[PDB]
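Shown next, in structure tokens, is the structure this report addresses.
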Amino acid sequence: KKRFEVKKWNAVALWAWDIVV
Amino acid sequence: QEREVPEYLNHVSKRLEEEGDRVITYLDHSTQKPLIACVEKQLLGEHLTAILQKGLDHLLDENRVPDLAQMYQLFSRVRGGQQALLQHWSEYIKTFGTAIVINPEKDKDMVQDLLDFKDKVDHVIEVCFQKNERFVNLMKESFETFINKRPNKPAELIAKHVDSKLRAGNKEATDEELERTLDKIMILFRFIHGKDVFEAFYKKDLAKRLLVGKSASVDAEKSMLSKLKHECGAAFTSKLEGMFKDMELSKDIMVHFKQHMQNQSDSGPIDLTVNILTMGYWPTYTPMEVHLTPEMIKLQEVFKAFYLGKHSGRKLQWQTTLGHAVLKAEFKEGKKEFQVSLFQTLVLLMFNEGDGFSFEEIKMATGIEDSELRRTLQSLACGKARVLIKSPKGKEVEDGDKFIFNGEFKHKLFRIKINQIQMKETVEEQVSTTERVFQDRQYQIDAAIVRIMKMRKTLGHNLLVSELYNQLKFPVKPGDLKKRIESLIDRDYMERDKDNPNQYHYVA
């Protein structure tokens with residue numbers, strides 16, 4: 001369909017704090 | 001004074017061996033021992049330095065294990081010659097180790113040479129010194145005295161070489177050697193000091209190893225967690241085990257999401273994958289301003305939706321650039337697949353919608369910062385331009401990149417893995433990953449000195465240095481000692497005792 005057909009997006013990330021300091 | 005030191009040593013050897021049989025046949029046993037005492041004084045007595053500094057280190061560098069064992073005999077019999085052996089050869093250890101790390105122009109090869117010198121001195125102990133232990137004492141003392149002097153050239157070069165040994169090749173399939181050379185890593189770099197910079201860099205290394213490519217072995221990393229747990233604090237290997245537990249949490253979320261799309265029956269080609277982590281046990285990551293194709297933003301919102309469940313108390317701060325991804329690539333003369341990085345994946349995403357973009361909206365519609373995007377265009381551009389083609393050629397790059405995506409593309413393989421970037425890093429990336437340890441020792445030494453003065457009120461500075469050196473896994477500079485003295489005075493835990501920095505008190 002496109003010049004790169006999207007087979008895989010993969011990521012690493014962080015889940016973040018939510019409690020007051 | 002005529003023959004060489006080894007020649008004279010062999011002469012001494014044979015001439016002492018002559019004097020036995022003189023007694024054995026005809027001369028007297030009770031004067032054998034006076035005879036050898038006198039003769040050994042005549043040959044080896046009073047010549048325990050001019051034989052034993054040069055002709056020691058000369059034949060150690062020449063490493064003639066026969067004559068090294070010969071002199072080990074010929075100076076383990078004698079009056080005290082092994083003391084001269086230990087001192088001259090231990091200074092030889094210090095200097096012949098010191099001929100590695102003090103060289104700032106020769107940092108491409110440091111770790112292998114350190115391994116080599118370690119191996120050589122070990123072999124000289126185990127045969128040329130016949131597993132005597134005084135030599136081992138001088139060895140370890142000399143090594144640590146040496147590497148207390150440069151802490152943060154080695155541990156970083158050592159970390160890079162540890163990661164280099166944690167790579168998955170076709171050449172190595174015996175991790176036993178990598179277990180044994182890993183044992184040499186632990187034992188030998190216990191001589192190497194400044195282990196907090198190695199420790200944080202190993203967080204960076206597991207990040208760069210999981211996040212692109214694959215590790216040398218599962219048991220290799222498990223054995224390293226168990227081994228680096230030793231020789232440091234037991235709160236110094238909490239982050240690493242936290243890494244592998246966070247990886248197991250992300251895999252469990254993966255299983256949960258795949259089961260929750262088992263009844264939705266995915267048959268589409270477009271994939272989303274986020275391995276989520278906590279900031280307590282990992283390298284810290286802050287989002288940088290980058291531009292994402294809006295369907296990825298849709299996937300970000302889907303990621304929010306599946307993110308908000310399962311121990312809510314969770315709130316987005318996402319990363320969408322740090323991974324690597326497999327992609328099929330259209331060209332002429334065949335359709336092969338790329339294993340590429342997100343910095344380059346965005347580049348390739350725009351080279352679907354059109355061919356003909358230029359570095360202005362390549363700067364913009366990616367959004368990518370200059371430091372990342374230059375090195376992004378140092379991969380598959382600045383040379384080997386058959387996918388991307390960049391108008392400056394060579395190492396030098398100017399701001400005028402003009403792109404037209406190429407129809408032509410040739411290679412003999414499928415799964416075209418051209419991805420240096422994320423298994424590489426930049427100079428100021430390393431420098432900044434060091435400064436996140438530099439003024440991170442501040443609270444460490446703050447806690448240590450407040451506990452010291454909460455324990456002992458008076459302590460001179462030349463004893464504070466020693467208690468800190470006892471307590472910590474890195475050597476603390478004299479500058480940082482002034483830094484913590486002044487900041488403790490700023491926060492009222494020190495008073496200068498007797499109106500000089502000779503002594504202190506814990507009064508505020």
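Ordering of the structure tokens sets the chain letters (A, B, ...), residue numbers begin anew at 1 in every chain, and ligands are numbered from 1 in the order given.
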Selection near residue 20 (chain A), 12 Å with only C-alpha atoms, sequence-local residues under 2 positions removed, as a VMD selection string: (chain A and resid 17 to 18) or (chain B and resid 313)
Could you list, as a VMD selection string, every residue of chain B that has an atom within 7 Å of an atom of chain A, counting only C-alpha atoms? chain B and resid 269 to 279 313 to 320 322 to 330 348 to 349 351 to 352
Take the selection from the previous step and output its residues with N, CA, C and O atoms, as a short mmCIF file (atom, residue, chain, number, x, y, z; two decimals), in the first residue's frame.
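Saved the output as again-v7.cif:
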data_model
loop_
_atom_site.label_atom_id
_atom_site.label_comp_id
_atom_site.auth_asym_id
_atom_site.auth_seq_id
_atom_site.Cartn_x
_atom_site.Cartn_y
_atom_site.Cartn_z
N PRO B 269 -1.98 -5.42 9.58
CA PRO B 269 -0.51 -5.45 9.60
C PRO B 269 0.16 -4.47 10.56
O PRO B 269 1.34 -4.67 10.86
N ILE B 270 -0.56 -3.50 11.11
CA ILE B 270 0.03 -2.38 11.83
C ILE B 270 0.09 -2.72 13.31
O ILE B 270 -0.95 -2.99 13.94
N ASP B 271 1.29 -2.70 13.88
CA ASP B 271 1.57 -3.21 15.21
C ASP B 271 1.94 -2.09 16.17
O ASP B 271 2.59 -1.11 15.79
N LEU B 272 1.51 -2.25 17.42
CA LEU B 272 1.89 -1.40 18.53
C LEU B 272 2.46 -2.27 19.64
O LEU B 272 1.91 -3.32 19.97
N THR B 273 3.57 -1.82 20.21
CA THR B 273 4.21 -2.55 21.30
C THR B 273 4.86 -1.53 22.21
O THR B 273 5.68 -0.73 21.75
N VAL B 274 4.49 -1.55 23.48
CA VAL B 274 5.11 -0.70 24.49
C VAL B 274 5.48 -1.58 25.67
O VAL B 274 4.61 -2.24 26.26
N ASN B 275 6.76 -1.59 26.01
CA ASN B 275 7.27 -2.28 27.19
C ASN B 275 7.48 -1.21 28.25
O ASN B 275 8.41 -0.40 28.17
N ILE B 276 6.59 -1.18 29.24
CA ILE B 276 6.50 -0.08 30.19
C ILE B 276 7.33 -0.39 31.43
O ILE B 276 7.55 -1.56 31.78
N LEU B 277 7.83 0.66 32.08
CA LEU B 277 8.88 0.51 33.08
C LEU B 277 8.67 1.55 34.18
O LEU B 277 7.94 2.53 34.00
N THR B 278 9.28 1.32 35.33
CA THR B 278 9.25 2.31 36.39
C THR B 278 10.61 3.01 36.48
O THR B 278 11.65 2.42 36.14
N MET B 279 10.63 4.26 36.93
CA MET B 279 11.86 5.05 36.94
C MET B 279 12.75 4.81 38.15
O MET B 279 13.74 5.53 38.33
N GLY B 313 -3.05 4.58 39.23
CA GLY B 313 -2.04 5.29 39.98
C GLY B 313 -0.97 5.55 38.94
O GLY B 313 0.19 5.85 39.24
N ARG B 314 -1.39 5.40 37.69
CA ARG B 314 -0.54 5.45 36.52
C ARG B 314 -0.97 6.64 35.67
O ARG B 314 -2.16 6.94 35.56
N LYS B 315 0.00 7.31 35.05
CA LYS B 315 -0.27 8.54 34.31
C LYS B 315 0.82 8.71 33.26
O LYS B 315 2.00 8.53 33.57
N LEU B 316 0.42 9.01 32.02
CA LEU B 316 1.33 8.92 30.88
C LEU B 316 2.48 9.91 30.96
O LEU B 316 2.31 11.10 31.25
N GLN B 317 3.69 9.40 30.66
CA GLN B 317 4.84 10.16 30.19
C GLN B 317 5.56 9.21 29.22
O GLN B 317 6.48 8.47 29.58
N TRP B 318 5.16 9.26 27.96
CA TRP B 318 5.49 8.17 27.04
C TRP B 318 6.81 8.43 26.32
O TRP B 318 7.26 9.57 26.17
N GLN B 319 7.43 7.34 25.86
CA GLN B 319 8.57 7.40 24.98
C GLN B 319 8.18 6.75 23.66
O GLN B 319 7.61 5.65 23.65
N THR B 320 8.48 7.40 22.54
CA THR B 320 8.09 6.87 21.23
C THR B 320 9.24 6.98 20.24
O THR B 320 9.04 7.14 19.03
N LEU B 322 12.66 5.31 21.37
CA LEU B 322 13.79 4.60 21.93
C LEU B 322 13.88 3.14 21.49
O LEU B 322 14.86 2.47 21.81
N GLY B 323 12.89 2.64 20.76
CA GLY B 323 12.88 1.24 20.36
C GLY B 323 13.51 1.03 18.99
O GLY B 323 13.98 1.96 18.34
N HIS B 324 13.53 -0.24 18.56
CA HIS B 324 13.84 -0.57 17.17
C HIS B 324 12.69 -1.40 16.62
O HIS B 324 12.01 -2.12 17.37
N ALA B 325 12.48 -1.32 15.31
CA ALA B 325 11.32 -1.98 14.73
C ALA B 325 11.69 -2.62 13.40
O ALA B 325 12.50 -2.10 12.64
N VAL B 326 11.05 -3.75 13.14
CA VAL B 326 11.19 -4.44 11.87
C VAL B 326 10.21 -3.83 10.88
O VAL B 326 9.05 -3.56 11.22
N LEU B 327 10.67 -3.57 9.65
CA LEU B 327 9.83 -2.98 8.63
C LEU B 327 10.12 -3.60 7.27
O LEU B 327 11.28 -3.80 6.90
N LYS B 328 9.06 -3.89 6.51
CA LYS B 328 9.23 -4.18 5.10
C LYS B 328 9.46 -2.88 4.33
O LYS B 328 8.92 -1.84 4.68
N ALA B 329 10.24 -2.97 3.25
CA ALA B 329 10.68 -1.79 2.51
C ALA B 329 10.44 -1.99 1.02
O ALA B 329 10.98 -2.93 0.43
N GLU B 330 9.65 -1.10 0.42
CA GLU B 330 9.49 -1.12 -1.03
C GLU B 330 10.66 -0.47 -1.74
O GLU B 330 11.12 0.62 -1.38
N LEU B 348 11.57 6.80 7.47
CA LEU B 348 11.02 5.89 6.48
C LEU B 348 9.49 6.00 6.39
O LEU B 348 8.92 5.73 5.33
N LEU B 349 8.83 6.39 7.49
CA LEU B 349 7.38 6.61 7.43
C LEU B 349 7.01 7.76 6.52
O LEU B 349 6.04 7.66 5.77
N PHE B 351 8.93 8.66 4.03
CA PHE B 351 9.22 8.18 2.67
C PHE B 351 8.35 6.99 2.27
O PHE B 351 8.82 5.98 1.73
N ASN B 352 7.05 7.15 2.53
CA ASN B 352 5.93 6.40 1.97
C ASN B 352 4.98 7.35 1.25
O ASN B 352 4.55 7.07 0.13
#
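All residues of region 255-487 of chain B that DSSP, run on the backbone, classes as strand (DSSP E or B) are residues 274, 275, 315, 316, 317, 324, 325, 326, 327, 328, 329, 336, 337, 338, 339, 340, 341, 358, 402 and 416 of chain B.
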Residue among B:423, B:387, B:507, B:114 lying closest to residue 458 (chain B), counting only C-alpha atoms: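 Among B:423, B:387, B:507, B:114, it is B:507 that comes nearest to residue 458 (chain B).
Here CA of residue 10 (chain B) is placed at a distance of 7.8 Å from CA of residue 67 (chain B).
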Excluding residue 421 (chain B) and residues on its chain fewer than 6 positions from it, collect all residues at most 8 Å away from it, counting only C-alpha atoms, and give them as a PyMOL selection string. chain B and resi 341+375-376+379
Write a file of the just-selected residues containing C-alpha atoms, as a PDB file, in the first residue's frame.
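See out-v8.pdb below for the written result:
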ATOM      1  CA  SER B 341      15.348   2.357  14.680  1.00  0.00           C
ATOM      2  CA  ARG B 375      23.537  10.764  13.554  1.00  0.00           C
ATOM      3  CA  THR B 376      20.280   9.390  12.159  1.00  0.00           C
ATOM      4  CA  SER B 379      23.240   5.744   9.188  1.00  0.00           C
TER       5      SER B 379
END
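Here CA of residue 427 (chain B) stands at a distance of 16.0 Å from CA of residue 200 (chain B).
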